[PDB]
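Chemist: So I've got this file, upload-v1.pdb, and it contains PDB, C-alpha atoms:
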```
ATOM      1  CA  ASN Z   1       8.228  12.741  35.971
ATOM      2  CA  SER Z   2       9.309  12.599  32.341
ATOM      3  CA  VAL Z   3       6.538  11.581  29.963
ATOM      4  CA  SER Z   4       6.458   8.513  27.717
ATOM      5  CA  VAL Z   5       4.453   9.165  24.530
ATOM      6  CA  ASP Z   6       3.136   6.455  22.173
ATOM      7  CA  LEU Z   7       3.873   7.223  18.520
ATOM      8  CA  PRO Z   8       2.690   6.028  15.108
ATOM      9  CA  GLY Z   9       4.972   3.308  13.815
ATOM     10  CA  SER Z  10       5.058   1.385  17.113
ATOM     11  CA  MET Z  11       7.611   3.720  18.672
ATOM     12  CA  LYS Z  12       7.794   5.669  21.931
ATOM     13  CA  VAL Z  13       9.459   8.948  22.797
ATOM     14  CA  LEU Z  14      10.336  10.236  26.264
ATOM     15  CA  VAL Z  15       9.874  13.988  26.771
ATOM     16  CA  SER Z  16      11.443  15.901  29.640
ATOM     17  CA  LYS Z  17       8.907  17.066  32.199
ATOM     18  CA  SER Z  18      10.069  20.678  32.063
ATOM     19  CA  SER Z  19      11.748  22.994  29.591
ATOM     20  CA  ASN Z  20      15.230  24.477  29.759
ATOM     21  CA  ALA Z  21      16.118  28.184  29.861
ATOM     22  CA  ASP Z  22      15.636  28.354  26.075
ATOM     23  CA  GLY Z  23      12.108  26.972  26.496
ATOM     24  CA  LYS Z  24      13.089  23.667  24.933
ATOM     25  CA  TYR Z  25      12.368  20.062  25.868
ATOM     26  CA  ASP Z  26      14.706  17.068  25.718
ATOM     27  CA  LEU Z  27      13.589  14.049  23.677
ATOM     28  CA  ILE Z  28      14.978  10.511  23.773
ATOM     29  CA  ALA Z  29      13.835   7.358  21.999
ATOM     30  CA  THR Z  30      15.189   3.870  21.461
ATOM     31  CA  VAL Z  31      14.443   2.437  18.013
ATOM     32  CA  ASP Z  32      15.432  -1.224  17.715
ATOM     33  CA  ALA Z  33      18.728  -0.952  19.655
ATOM     34  CA  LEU Z  34      19.537   2.633  18.604
ATOM     35  CA  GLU Z  35      19.464   5.568  21.011
ATOM     36  CA  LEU Z  36      18.094   8.741  19.406
ATOM     37  CA  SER Z  37      17.978  12.166  21.029
ATOM     38  CA  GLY Z  38      16.879  15.683  20.235
ATOM     39  CA  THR Z  39      15.482  18.985  21.425
ATOM     40  CA  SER Z  40      12.033  20.415  20.729
ATOM     41  CA  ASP Z  41      10.182  23.659  21.342
ATOM     42  CA  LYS Z  42       6.979  21.691  22.031
ATOM     43  CA  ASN Z  43       6.166  19.727  25.179
ATOM     44  CA  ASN Z  44       4.130  16.867  23.701
ATOM     45  CA  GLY Z  45       6.717  14.535  22.115
ATOM     46  CA  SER Z  46       6.803  16.147  18.683
ATOM     47  CA  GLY Z  47      10.036  17.234  17.024
ATOM     48  CA  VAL Z  48      13.232  15.739  15.661
ATOM     49  CA  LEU Z  49      15.532  13.094  17.163
ATOM     50  CA  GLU Z  50      18.809  11.911  15.679
ATOM     51  CA  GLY Z  51      21.248   9.081  16.117
ATOM     52  CA  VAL Z  52      23.465   6.735  14.167
ATOM     53  CA  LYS Z  53      23.489   3.119  13.170
ATOM     54  CA  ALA Z  54      26.363   0.872  14.225
ATOM     55  CA  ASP Z  55      27.702   1.267  10.660
ATOM     56  CA  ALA Z  56      27.719   5.111  11.007
ATOM     57  CA  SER Z  57      24.613   5.753   8.834
ATOM     58  CA  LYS Z  58      22.720   8.762  10.180
ATOM     59  CA  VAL Z  59      19.206   8.200  11.533
ATOM     60  CA  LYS Z  60      16.499  10.836  11.986
ATOM     61  CA  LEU Z  61      13.067  10.433  13.566
ATOM     62  CA  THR Z  62      10.661  13.308  12.830
ATOM     63  CA  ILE Z  63       7.392  13.391  14.778
ATOM     64  CA  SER Z  64       4.727  15.784  13.478
ATOM     65  CA  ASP Z  65       3.497  18.610  15.711
ATOM     66  CA  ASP Z  66       0.235  16.831  16.562
ATOM     67  CA  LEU Z  67       1.833  13.348  16.978
ATOM     68  CA  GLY Z  68      -0.192  12.089  14.014
ATOM     69  CA  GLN Z  69       2.688  11.081  11.718
ATOM     70  CA  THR Z  70       6.243   9.836  12.112
ATOM     71  CA  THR Z  71       9.081   9.656   9.604
ATOM     72  CA  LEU Z  72      12.103   7.423  10.219
ATOM     73  CA  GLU Z  73      14.982   8.134   7.847
ATOM     74  CA  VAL Z  74      18.406   6.614   7.329
ATOM     75  CA  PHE Z  75      21.116   8.515   5.465
ATOM     76  CA  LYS Z  76      24.674   8.016   4.317
ATOM     77  CA  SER Z  77      27.215   8.510   7.105
ATOM     78  CA  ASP Z  78      27.671  12.208   6.211
ATOM     79  CA  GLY Z  79      23.884  12.764   6.310
ATOM     80  CA  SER Z  80      23.774  13.930   2.691
ATOM     81  CA  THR Z  81      21.806  11.300   0.743
ATOM     82  CA  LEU Z  82      18.775   9.278   1.806
ATOM     83  CA  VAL Z  83      19.115   5.535   2.112
ATOM     84  CA  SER Z  84      15.652   4.683   3.439
ATOM     85  CA  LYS Z  85      12.500   6.415   4.625
ATOM     86  CA  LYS Z  86       9.503   5.042   6.527
ATOM     87  CA  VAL Z  87       6.478   7.337   6.958
ATOM     88  CA  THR Z  88       3.617   6.187   9.180
ATOM     89  CA  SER Z  89       0.528   8.326   8.611
ATOM     90  CA  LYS Z  90      -2.335   9.011  11.015
ATOM     91  CA  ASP Z  91      -4.399   6.036   9.799
ATOM     92  CA  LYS Z  92      -1.328   3.923  10.738
ATOM     93  CA  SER Z  93      -0.675   3.025   7.118
ATOM     94  CA  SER Z  94       2.954   3.232   6.108
ATOM     95  CA  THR Z  95       5.207   3.852   3.130
ATOM     96  CA  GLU Z  96       8.717   2.381   3.237
ATOM     97  CA  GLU Z  97      11.187   3.458   0.576
ATOM     98  CA  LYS Z  98      14.739   2.616  -0.410
ATOM     99  CA  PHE Z  99      16.852   5.005  -2.487
ATOM    100  CA  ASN Z 100      19.813   4.572  -4.832
ATOM    101  CA  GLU Z 101      23.102   6.476  -4.699
ATOM    102  CA  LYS Z 102      21.511   9.519  -6.397
ATOM    103  CA  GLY Z 103      18.692   9.592  -3.843
ATOM    104  CA  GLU Z 104      16.183   8.198  -6.353
ATOM    105  CA  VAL Z 105      13.513   5.873  -5.024
ATOM    106  CA  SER Z 106      14.189   2.251  -6.014
ATOM    107  CA  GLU Z 107      11.602   0.451  -3.852
ATOM    108  CA  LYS Z 108       8.332   1.560  -2.277
ATOM    109  CA  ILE Z 109       6.265  -0.681  -0.008
ATOM    110  CA  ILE Z 110       2.849   0.691   0.954
ATOM    111  CA  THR Z 111       1.206  -1.109   3.883
ATOM    112  CA  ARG Z 112      -2.433  -0.117   4.298
ATOM    113  CA  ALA Z 113      -4.085   0.120   7.710
ATOM    114  CA  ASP Z 114      -5.615  -3.323   7.098
ATOM    115  CA  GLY Z 115      -2.253  -4.952   6.388
ATOM    116  CA  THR Z 116      -2.658  -5.367   2.640
ATOM    117  CA  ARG Z 117       0.262  -4.008   0.641
ATOM    118  CA  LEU Z 118       1.347  -2.536  -2.647
ATOM    119  CA  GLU Z 119       4.957  -3.475  -3.389
ATOM    120  CA  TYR Z 120       6.842  -1.528  -6.044
ATOM    121  CA  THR Z 121      10.307  -2.864  -6.760
ATOM    122  CA  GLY Z 122      13.038  -2.304  -9.305
ATOM    123  CA  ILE Z 123      11.829   1.274  -9.689
ATOM    124  CA  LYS Z 124      13.682   3.175 -12.400
ATOM    125  CA  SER Z 125      14.225   6.897 -12.888
ATOM    126  CA  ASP Z 126      11.016   7.200 -14.946
ATOM    127  CA  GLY Z 127       8.906   5.786 -12.111
ATOM    128  CA  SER Z 128       8.410   2.439 -13.842
ATOM    129  CA  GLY Z 129       8.936  -0.850 -12.048
ATOM    130  CA  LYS Z 130       7.473  -4.144 -10.963
ATOM    131  CA  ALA Z 131       4.256  -4.172  -8.952
ATOM    132  CA  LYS Z 132       2.534  -6.595  -6.603
ATOM    133  CA  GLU Z 133      -0.577  -6.213  -4.488
ATOM    134  CA  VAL Z 134      -0.535  -8.394  -1.377
ATOM    135  CA  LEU Z 135      -4.049  -9.282  -0.247
ATOM    136  CA  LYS Z 136      -5.341 -11.578   2.476
ATOM    137  CA  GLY Z 137      -4.794 -15.016   0.947
ATOM    138  CA  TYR Z 138      -3.265 -14.171  -2.444
ATOM    139  CA  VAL Z 139      -1.135 -11.761  -4.445
ATOM    140  CA  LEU Z 140      -1.738  -9.958  -7.733
ATOM    141  CA  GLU Z 141       1.277  -9.221  -9.930
ATOM    142  CA  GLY Z 142       2.065  -6.815 -12.720
ATOM    143  CA  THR Z 143       3.832  -3.584 -13.567
ATOM    144  CA  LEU Z 144       4.118   0.083 -12.671
ATOM    145  CA  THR Z 145       4.457   3.086 -14.959
ATOM    146  CA  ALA Z 146       4.077   6.740 -14.053
ATOM    147  CA  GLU Z 147       0.528   6.452 -15.488
ATOM    148  CA  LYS Z 148      -0.805   3.381 -13.670
ATOM    149  CA  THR Z 149      -0.218   0.090 -11.920
ATOM    150  CA  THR Z 150      -1.581  -2.865 -13.919
ATOM    151  CA  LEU Z 151      -2.059  -6.219 -12.177
ATOM    152  CA  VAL Z 152      -2.944  -9.211 -14.334
ATOM    153  CA  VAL Z 153      -4.575 -12.631 -13.890
ATOM    154  CA  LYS Z 154      -4.869 -15.012 -16.843
ATOM    155  CA  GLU Z 155      -7.175 -18.004 -17.217
ATOM    156  CA  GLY Z 156      -7.659 -19.779 -20.523
ATOM    157  CA  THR Z 157      -8.184 -17.163 -23.215
ATOM    158  CA  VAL Z 158      -9.249 -14.558 -20.610
ATOM    159  CA  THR Z 159      -7.128 -11.804 -19.059
ATOM    160  CA  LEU Z 160      -8.317  -9.801 -16.056
ATOM    161  CA  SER Z 161      -6.481  -6.516 -15.456
ATOM    162  CA  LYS Z 162      -6.805  -4.448 -12.280
ATOM    163  CA  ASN Z 163      -5.573  -0.911 -12.892
ATOM    164  CA  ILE Z 164      -4.663   1.584 -10.182
ATOM    165  CA  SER Z 165      -4.166   4.998 -11.729
ATOM    166  CA  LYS Z 166      -1.480   7.410 -10.576
ATOM    167  CA  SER Z 167      -4.318   9.175  -8.725
ATOM    168  CA  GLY Z 168      -5.313   5.968  -6.896
ATOM    169  CA  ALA Z 169      -8.486   5.284  -8.904
ATOM    170  CA  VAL Z 170      -9.215   1.581  -9.478
ATOM    171  CA  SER Z 171     -10.679   0.225 -12.685
ATOM    172  CA  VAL Z 172     -10.866  -3.366 -13.872
ATOM    173  CA  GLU Z 173     -11.059  -4.761 -17.379
ATOM    174  CA  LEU Z 174     -11.499  -8.189 -18.896
ATOM    175  CA  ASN Z 175     -10.577  -9.356 -22.388
ATOM    176  CA  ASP Z 176     -11.209 -12.745 -24.012
ATOM    177  CA  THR Z 177      -9.150 -13.443 -27.134
ATOM    178  CA  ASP Z 178     -11.629 -16.129 -28.291
ATOM    179  CA  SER Z 179     -14.587 -14.408 -29.953
ATOM    180  CA  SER Z 180     -16.599 -17.649 -30.016
ATOM    181  CA  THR Z 181     -17.164 -17.559 -26.242
ATOM    182  CA  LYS Z 182     -19.222 -14.339 -26.565
ATOM    183  CA  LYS Z 183     -17.717 -13.284 -23.198
ATOM    184  CA  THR Z 184     -17.120  -9.622 -22.286
ATOM    185  CA  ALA Z 185     -17.228  -7.468 -19.164
ATOM    186  CA  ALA Z 186     -18.176  -3.962 -18.091
ATOM    187  CA  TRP Z 187     -16.812  -1.912 -15.195
ATOM    188  CA  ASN Z 188     -19.075   0.167 -12.936
ATOM    189  CA  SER Z 189     -16.905   2.730 -11.129
ATOM    190  CA  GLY Z 190     -19.891   3.676  -8.965
ATOM    191  CA  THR Z 191     -20.030   0.286  -7.232
ATOM    192  CA  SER Z 192     -16.483  -0.920  -7.980
ATOM    193  CA  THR Z 193     -18.039  -3.888  -9.799
ATOM    194  CA  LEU Z 194     -17.000  -5.786 -12.922
ATOM    195  CA  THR Z 195     -19.986  -7.533 -14.506
ATOM    196  CA  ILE Z 196     -19.094 -10.427 -16.799
ATOM    197  CA  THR Z 197     -21.486 -11.175 -19.664
ATOM    198  CA  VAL Z 198     -21.668 -14.281 -21.859
ATOM    199  CA  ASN Z 199     -23.983 -14.239 -24.889
ATOM    200  CA  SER Z 200     -25.566 -10.958 -23.742
ATOM    201  CA  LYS Z 201     -26.555 -12.422 -20.357
ATOM    202  CA  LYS Z 202     -24.875 -11.343 -17.146
ATOM    203  CA  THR Z 203     -23.081 -14.248 -15.481
ATOM    204  CA  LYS Z 204     -21.080 -12.841 -12.535
ATOM    205  CA  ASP Z 205     -20.408  -9.662 -10.560
ATOM    206  CA  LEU Z 206     -16.852  -9.304  -9.238
ATOM    207  CA  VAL Z 207     -16.821  -6.589  -6.566
ATOM    208  CA  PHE Z 208     -13.529  -4.940  -5.643
ATOM    209  CA  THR Z 209     -14.445  -3.771  -2.172
ATOM    210  CA  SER Z 210     -13.202  -0.872  -0.089
ATOM    211  CA  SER Z 211     -11.902  -3.517   2.352
ATOM    212  CA  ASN Z 212      -9.354  -4.611  -0.284
ATOM    213  CA  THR Z 213     -11.159  -7.865  -0.947
ATOM    214  CA  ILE Z 214     -12.815  -9.317  -4.029
ATOM    215  CA  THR Z 215     -16.206 -11.007  -3.962
ATOM    216  CA  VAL Z 216     -17.949 -12.992  -6.676
ATOM    217  CA  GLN Z 217     -21.687 -13.499  -7.111
ATOM    218  CA  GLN Z 218     -23.483 -15.356  -9.896
ATOM    219  CA  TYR Z 219     -26.588 -14.328 -11.786
ATOM    220  CA  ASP Z 220     -29.588 -16.553 -12.374
ATOM    221  CA  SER Z 221     -29.736 -18.245 -15.776
ATOM    222  CA  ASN Z 222     -32.002 -15.374 -16.910
ATOM    223  CA  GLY Z 223     -28.915 -13.156 -16.900
ATOM    224  CA  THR Z 224     -30.795 -10.366 -15.123
ATOM    225  CA  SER Z 225     -31.130 -11.124 -11.388
ATOM    226  CA  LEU Z 226     -28.389 -11.930  -8.913
ATOM    227  CA  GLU Z 227     -28.748 -15.220  -7.101
ATOM    228  CA  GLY Z 228     -27.535 -16.473  -3.755
ATOM    229  CA  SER Z 229     -25.013 -14.298  -1.961
ATOM    230  CA  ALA Z 230     -21.568 -12.929  -2.802
ATOM    231  CA  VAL Z 231     -18.584 -15.094  -1.853
ATOM    232  CA  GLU Z 232     -15.299 -13.555  -0.771
ATOM    233  CA  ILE Z 233     -12.245 -14.694  -2.738
ATOM    234  CA  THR Z 234      -9.634 -16.319  -0.480
ATOM    235  CA  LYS Z 235      -6.990 -17.472  -2.994
ATOM    236  CA  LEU Z 236      -5.822 -16.732  -6.516
ATOM    237  CA  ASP Z 237      -7.285 -20.023  -7.757
ATOM    238  CA  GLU Z 238     -10.760 -18.662  -7.014
ATOM    239  CA  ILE Z 239     -10.171 -15.586  -9.181
ATOM    240  CA  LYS Z 240      -9.199 -17.927 -11.996
ATOM    241  CA  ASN Z 241     -12.361 -19.955 -11.390
ATOM    242  CA  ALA Z 242     -14.426 -16.777 -11.758
ATOM    243  CA  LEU Z 243     -12.887 -16.236 -15.214
ATOM    244  CA  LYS Z 244     -13.843 -19.678 -16.557
TER     245      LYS Z 244
END
```
Taking this structure as input, can you express it in the form of structure tokens?

Modeler:
Amino acid sequence: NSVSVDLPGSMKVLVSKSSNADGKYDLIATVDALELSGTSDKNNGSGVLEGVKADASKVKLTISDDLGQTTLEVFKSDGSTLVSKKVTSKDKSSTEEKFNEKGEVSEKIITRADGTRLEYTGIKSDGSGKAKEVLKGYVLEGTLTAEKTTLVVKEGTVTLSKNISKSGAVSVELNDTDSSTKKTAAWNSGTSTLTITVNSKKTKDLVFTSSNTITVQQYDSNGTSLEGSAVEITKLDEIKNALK
């Protein structure tokens, strides 16, 4: 019998059970309502399938040799210029892009394996644009340049900035415009922790975890020892509270 194969990106491909005289296998897939078909020199479901949208846009599904990654592309009706591209990688994260008439990326939505997202919109030819990080319970908003993404939360005279460098490195900074508060903060890249200090005493640790969450934990009034246990932020209002 022909073989149904589960693919990254919640798709399936059907591979012929045997090869033709050229050694090649037939592939068919249905994506939404669209029938795609192709030929492959592998027997496992990998290779290229093609079809069209009802509006004549060309569609291509490319499945990597080891089934680990899929790419779903839409093109102009002559197949020349990209219109959209969705890549699902082997961790099941995805990048979904839209392109302008010159084939330049104008939107990029990154969905991590845990469902959190980075949304880059209004992207211009210099790689600048608007940026949003979509977390569980809240969103952080800011801007993109080719150097970094900067997401900003303001509370009173305080501004918290989460930076994601072009390399993916996260750093966080805090600035208070009112010198009389004696409030500052230091970033520890080793533990992904911003420590806020008021009057030379530590007040709070904000941890930016590898699970794409933020936790807050207070220090004792001595300013030296942590107290209690860290609390996970569930809404933007709680980030603002941590900046008070």

Chemist: Work out how far apart atom CA of residue Z:171 and atom CA of residue Z:204 are and give it in Å to one decimal.

Modeler: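 That distance, rounded to one decimal, is 16.7 Å.
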
Chemist: Run the PyMOL selection byres ((chain Z and resi 113) around 8) against the file shown and list the residues it catches, as a list in words.

Modeler: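 Evaluating the PyMOL selection byres ((chain Z and resi 113) around 8) on this file yields residues 91, 92, 93, 94, 111, 112, 114, 115 and 116 of chain Z.
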
Chemist: Between Z:199, Z:20, Z:241, Z:181, which has the minimum distance to residue Z:155 (counting only C-alpha atoms)?

Modeler: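 Closest candidate: Z:241.
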
Chemist: Give me the residues within 6 Å of residue Z:195 as a VMD selection string, counting all atoms listed in the file and dropping any in the same chain fewer than 2 places off.

Modeler: chain Z and resid 185 to 186 204 to 205

Chemist: Can you write just those residues out, C-alpha atoms, as a CSV table (one decimal), in the frame of the given file?

Modeler:
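Done, and the output landed in part02.csv:
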```
chain,number,residue,atom,x,y,z
Z,185,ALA,CA,-17.2,-7.5,-19.2
Z,186,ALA,CA,-18.2,-4.0,-18.1
Z,204,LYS,CA,-21.1,-12.8,-12.5
Z,205,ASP,CA,-20.4,-9.7,-10.6
```

Chemist: Figure out the distance between atom CA of residue Z:192 and atom CA of residue Z:90, please, to one decimal in Å.

Modeler: 25.7 Å

Chemist: Could you list the residues chosen by the PyMOL selection byres ((chain Z and resi 41) around 9) in this structure as a ChimeraX atom specification?

Modeler: /Z:19,22-25,39-40,42-43,46-47

Chemist: How would you write, as a PDB file with C-alpha atoms, in the frame of the given file, the residues chosen by the PyMOL selection byres ((chain Z and resi 99) around 10) on this structure?

Modeler:
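Saved to result30.pdb:
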```pdb
ATOM      1  CA  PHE Z  75      21.116   8.515   5.465  1.00  0.00           C
ATOM      2  CA  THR Z  81      21.806  11.300   0.743  1.00  0.00           C
ATOM      3  CA  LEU Z  82      18.775   9.278   1.806  1.00  0.00           C
ATOM      4  CA  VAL Z  83      19.115   5.535   2.112  1.00  0.00           C
ATOM      5  CA  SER Z  84      15.652   4.683   3.439  1.00  0.00           C
ATOM      6  CA  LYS Z  85      12.500   6.415   4.625  1.00  0.00           C
ATOM      7  CA  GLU Z  97      11.187   3.458   0.576  1.00  0.00           C
ATOM      8  CA  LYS Z  98      14.739   2.616  -0.410  1.00  0.00           C
ATOM      9  CA  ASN Z 100      19.813   4.572  -4.832  1.00  0.00           C
ATOM     10  CA  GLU Z 101      23.102   6.476  -4.699  1.00  0.00           C
ATOM     11  CA  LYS Z 102      21.511   9.519  -6.397  1.00  0.00           C
ATOM     12  CA  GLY Z 103      18.692   9.592  -3.843  1.00  0.00           C
ATOM     13  CA  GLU Z 104      16.183   8.198  -6.353  1.00  0.00           C
ATOM     14  CA  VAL Z 105      13.513   5.873  -5.024  1.00  0.00           C
ATOM     15  CA  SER Z 106      14.189   2.251  -6.014  1.00  0.00           C
ATOM     16  CA  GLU Z 107      11.602   0.451  -3.852  1.00  0.00           C
ATOM     17  CA  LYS Z 108       8.332   1.560  -2.277  1.00  0.00           C
ATOM     18  CA  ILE Z 123      11.829   1.274  -9.689  1.00  0.00           C
TER      19      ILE Z 123
END
```

Chemist: Can you tell me how far atom CA of residue Z:223 sits from atom CA of residue Z:172, in Å to one decimal?

Modeler: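 Taking atom CA of residue Z:223 and atom CA of residue Z:172, their separation equals 20.8 Å.
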
Chemist: Go through Z:64, Z:71, Z:143, Z:165 one by one, measure the shortest atom-to-atom distance of each to residue Z:50 using all atoms listed in the file, and give the residue with the smallest value.

Modeler: Z:71

Chemist: Skipping near chain neighbours, those fewer than 3 positions away, what residues fall within 10 Å of residue Z:59 using all atoms listed in the file, listed as a PyMOL selection string?

Modeler: chain Z and resi 31+34-36+49-53+56+72-77+79+82-85

Chemist: I'd like the neighbourhood of residue Z:13 as a PyMOL selection string, where a residue qualifies if any of its atoms comes within 6 Å (using only C-alpha atoms), though same-chain residues fewer than 5 positions away should be ignored.

Modeler: chain Z and resi 4-5+28-29

Chemist: Would you please work out which residue, of Z:200, Z:218, Z:145, Z:193, is nearest to residue Z:125 when using all atoms listed in the file?

Modeler: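 Comparing Z:200, Z:218, Z:145, Z:193 against residue Z:125, the winner is Z:145.
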
Chemist: If the box runs along x, y and z of the file and leaves 8 Å on each side of stretch 208-222 of chain Z, what are its centre and edge lengths in Å, one decimal, as lines of an AutoDock Vina configuration file?

Modeler:
```
center_x = -20.7
center_y = -9.6
center_z = -7.3
size_x = 38.6
size_y = 33.4
size_z = 35.3
```

Chemist: Restricting the calculation to all atoms listed in the file: of Z:45, Z:95, Z:238, Z:66, which residue gets closest to residue Z:27?

Modeler: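 For residue Z:27, the nearest of the candidates is Z:45.
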
Chemist: Taking all atoms listed in the file into account, which of Z:244, Z:154, Z:162, Z:136 comes nearest residue Z:211?

Modeler: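 Closest residue, counting all atoms listed in the file: Z:136.
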
Chemist: Under the rule that all atoms listed in the file are counted, which of Z:202, Z:166, Z:182, Z:86 is the nearest residue to residue Z:128?

Modeler: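 Of Z:202, Z:166, Z:182, Z:86, the one nearest residue Z:128, counting all atoms listed in the file, is Z:166.
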
Chemist: May I have the residues within 6 Å of residue Z:132 as an MDAnalysis selection string, using only C-alpha atoms and disregarding those fewer than 2 positions away in the same chain?

Modeler: chainID Z and resid 118:119 140:141

Chemist: Missing atoms in stretch 55-75 of chain Z need filling: write out N, CA and C atoms for it as a PDB file, in the frame of the given file.

Modeler:
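Listed below is the output, rebuild_33.pdb:
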```pdb
ATOM      1  N   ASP Z  55      26.854   1.084  11.835  1.00  0.00           N
ATOM      2  CA  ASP Z  55      27.702   1.267  10.660  1.00  0.00           C
ATOM      3  C   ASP Z  55      27.928   2.731  10.286  1.00  0.00           C
ATOM      4  N   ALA Z  56      27.545   3.671  11.149  1.00  0.00           N
ATOM      5  CA  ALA Z  56      27.719   5.111  11.007  1.00  0.00           C
ATOM      6  C   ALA Z  56      26.645   5.811  10.157  1.00  0.00           C
ATOM      7  N   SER Z  57      25.725   5.091   9.517  1.00  0.00           N
ATOM      8  CA  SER Z  57      24.613   5.753   8.834  1.00  0.00           C
ATOM      9  C   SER Z  57      23.856   6.662   9.798  1.00  0.00           C
ATOM     10  N   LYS Z  58      23.513   7.867   9.345  1.00  0.00           N
ATOM     11  CA  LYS Z  58      22.720   8.762  10.180  1.00  0.00           C
ATOM     12  C   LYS Z  58      21.259   8.338  10.193  1.00  0.00           C
ATOM     13  N   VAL Z  59      20.614   8.520  11.345  1.00  0.00           N
ATOM     14  CA  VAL Z  59      19.206   8.200  11.533  1.00  0.00           C
ATOM     15  C   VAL Z  59      18.494   9.437  12.055  1.00  0.00           C
ATOM     16  N   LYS Z  60      17.324   9.736  11.496  1.00  0.00           N
ATOM     17  CA  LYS Z  60      16.499  10.836  11.986  1.00  0.00           C
ATOM     18  C   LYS Z  60      15.065  10.364  12.150  1.00  0.00           C
ATOM     19  N   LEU Z  61      14.477  10.678  13.294  1.00  0.00           N
ATOM     20  CA  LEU Z  61      13.067  10.433  13.566  1.00  0.00           C
ATOM     21  C   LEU Z  61      12.385  11.793  13.694  1.00  0.00           C
ATOM     22  N   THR Z  62      11.407  12.054  12.830  1.00  0.00           N
ATOM     23  CA  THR Z  62      10.661  13.308  12.830  1.00  0.00           C
ATOM     24  C   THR Z  62       9.225  12.982  13.193  1.00  0.00           C
ATOM     25  N   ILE Z  63       8.731  13.611  14.251  1.00  0.00           N
ATOM     26  CA  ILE Z  63       7.392  13.391  14.778  1.00  0.00           C
ATOM     27  C   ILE Z  63       6.619  14.682  14.531  1.00  0.00           C
ATOM     28  N   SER Z  64       5.497  14.594  13.816  1.00  0.00           N
ATOM     29  CA  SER Z  64       4.727  15.784  13.478  1.00  0.00           C
ATOM     30  C   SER Z  64       4.190  16.471  14.735  1.00  0.00           C
ATOM     31  N   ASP Z  65       3.866  17.761  14.577  1.00  0.00           N
ATOM     32  CA  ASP Z  65       3.497  18.610  15.711  1.00  0.00           C
ATOM     33  C   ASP Z  65       2.340  18.039  16.519  1.00  0.00           C
ATOM     34  N   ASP Z  66       1.392  17.372  15.866  1.00  0.00           N
ATOM     35  CA  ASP Z  66       0.235  16.831  16.562  1.00  0.00           C
ATOM     36  C   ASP Z  66       0.369  15.351  16.896  1.00  0.00           C
ATOM     37  N   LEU Z  67       1.565  14.765  16.728  1.00  0.00           N
ATOM     38  CA  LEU Z  67       1.833  13.348  16.978  1.00  0.00           C
ATOM     39  C   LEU Z  67       1.164  12.411  15.982  1.00  0.00           C
ATOM     40  N   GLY Z  68       0.567  12.934  14.915  1.00  0.00           N
ATOM     41  CA  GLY Z  68      -0.192  12.089  14.014  1.00  0.00           C
ATOM     42  C   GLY Z  68       0.634  11.271  13.049  1.00  0.00           C
ATOM     43  N   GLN Z  69       1.854  11.713  12.734  1.00  0.00           N
ATOM     44  CA  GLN Z  69       2.688  11.081  11.718  1.00  0.00           C
ATOM     45  C   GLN Z  69       4.124  11.008  12.218  1.00  0.00           C
ATOM     46  N   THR Z  70       4.813   9.934  11.861  1.00  0.00           N
ATOM     47  CA  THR Z  70       6.243   9.836  12.112  1.00  0.00           C
ATOM     48  C   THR Z  70       6.971   9.474  10.825  1.00  0.00           C
ATOM     49  N   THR Z  71       8.206   9.955  10.726  1.00  0.00           N
ATOM     50  CA  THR Z  71       9.081   9.656   9.604  1.00  0.00           C
ATOM     51  C   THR Z  71      10.395   9.174  10.191  1.00  0.00           C
ATOM     52  N   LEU Z  72      10.847   8.002   9.763  1.00  0.00           N
ATOM     53  CA  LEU Z  72      12.103   7.423  10.219  1.00  0.00           C
ATOM     54  C   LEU Z  72      13.004   7.294   9.003  1.00  0.00           C
ATOM     55  N   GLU Z  73      14.095   8.049   8.999  1.00  0.00           N
ATOM     56  CA  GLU Z  73      14.982   8.134   7.847  1.00  0.00           C
ATOM     57  C   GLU Z  73      16.371   7.652   8.207  1.00  0.00           C
ATOM     58  N   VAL Z  74      17.004   6.989   7.247  1.00  0.00           N
ATOM     59  CA  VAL Z  74      18.406   6.614   7.329  1.00  0.00           C
ATOM     60  C   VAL Z  74      19.118   7.273   6.165  1.00  0.00           C
ATOM     61  N   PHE Z  75      20.309   7.799   6.436  1.00  0.00           N
ATOM     62  CA  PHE Z  75      21.116   8.515   5.465  1.00  0.00           C
ATOM     63  C   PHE Z  75      22.503   7.897   5.415  1.00  0.00           C
TER      64      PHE Z  75
END
```
